[PDB]
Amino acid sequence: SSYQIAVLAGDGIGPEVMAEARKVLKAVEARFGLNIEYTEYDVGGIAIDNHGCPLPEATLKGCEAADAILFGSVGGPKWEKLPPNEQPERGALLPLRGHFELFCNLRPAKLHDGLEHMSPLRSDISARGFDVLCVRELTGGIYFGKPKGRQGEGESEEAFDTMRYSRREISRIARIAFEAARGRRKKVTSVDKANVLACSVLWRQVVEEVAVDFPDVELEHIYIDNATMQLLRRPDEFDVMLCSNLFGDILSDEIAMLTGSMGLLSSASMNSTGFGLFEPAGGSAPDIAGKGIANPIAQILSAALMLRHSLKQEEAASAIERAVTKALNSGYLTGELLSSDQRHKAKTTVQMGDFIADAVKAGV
């Protein structure tokens, strides 16, 4: 019957861009005959304000009742004095990932044609282009490893976190990266610190075990400090980057920033049953919230990931992706995608949503 989506728009620009994601989703529901019901739940800063914590029980319950979470962005100044550890971002995202076993984070980042000038890369490097998919392991490693805590007092007070990975955890994320490379340019670069970390020694070992099932995919390994340098220099040489939790956190963000267009980038965090949480790569931009300035493309393309990965609605997902493409090549750019002197052509959040939804309707 009807798919059920828990909508967790969160803070800042989350609600206004989500409104555009929902608009485009309505055009897709009509075009493809999907029956999707949505329920909205507070999360993040709005949840602390409304319910006293960033992830209320009723929100958590609504995500359990759903086929996917369509997630906005969480965080901002108002809760920044809370300890970084009662704070809304980690307090929303980490238990959602842990609870639903969302072990796989997919962050596709590409330099779009015509938007190279916006990348912070030197012009000859951005002109080459890139398209890197970061596959990051999201539920193990040092984020969730135990023991974590502190003991002692005074100078000798000590804090500890444990990075742990099992062969099973590593091989499930590696297979995702290999399967994804098969569909792309047939290369996985696995990113670790095997010269220092026991977890990375096992990581590199297990990814090489997984590789035997993918004779058509090239595998290379690289150290995280070297990967961060090489992305600056030659990001066009990477296809799929495969990382543990902490390394993928850093590298996916680095690659996103190298596009210079984070308002175009979306993220899927999924479990093995196909449930996921789909969100823009960027933050809640509380400075521009409520102004019709924010670029809703990242949230619209998060809707498209949700349709593909959780709802198994490939044609609907790709129709949204084509409508975004059409916007970007038909002069429908928001302010942050425009060179400072073309800024007077900017479209508002609503104009972008209207255009992209209308494109879907026109059969793009």
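So that the term is clear: the rigid core is the largest set of C-alpha atoms that superpose within 1.5 Å between two forms. Residue positions are given as counts along the sequence shown, with the first one as 1.
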| query | finding |
| --- | --- |
| Outlying stretch relative to shown form, 155-163 versus 82-90 in 6 other deposited structures of this protein, C-alpha RMS (core) | 82-90 |
| 120-128 versus 78-86 - which carries the larger mean C-alpha B factor in the record | 78-86 |
| 1-9 versus 353-361 - which carries the larger mean C-alpha B factor in the record | 1-9 |
| Largest Cα B-factor, entry values, listed residues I142, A285, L133, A211 | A285 |
| Highest-ranked of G263, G248, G290, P95 once sorted by CA temperature factor in the record | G290 |
| Among modelled residues of the same chain, the CA temperature factor third for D216 | highest |
| B-factor third for the C-alpha atom of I36 within its chain | highest |
| Ranked against its chain, the third holding the CA B-factor of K61 | highest |
| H51, C-alpha B-factor rank within chain (lowest, middle or highest third) | middle |
| B-factor third for the C-alpha atom of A316 within its chain | middle |
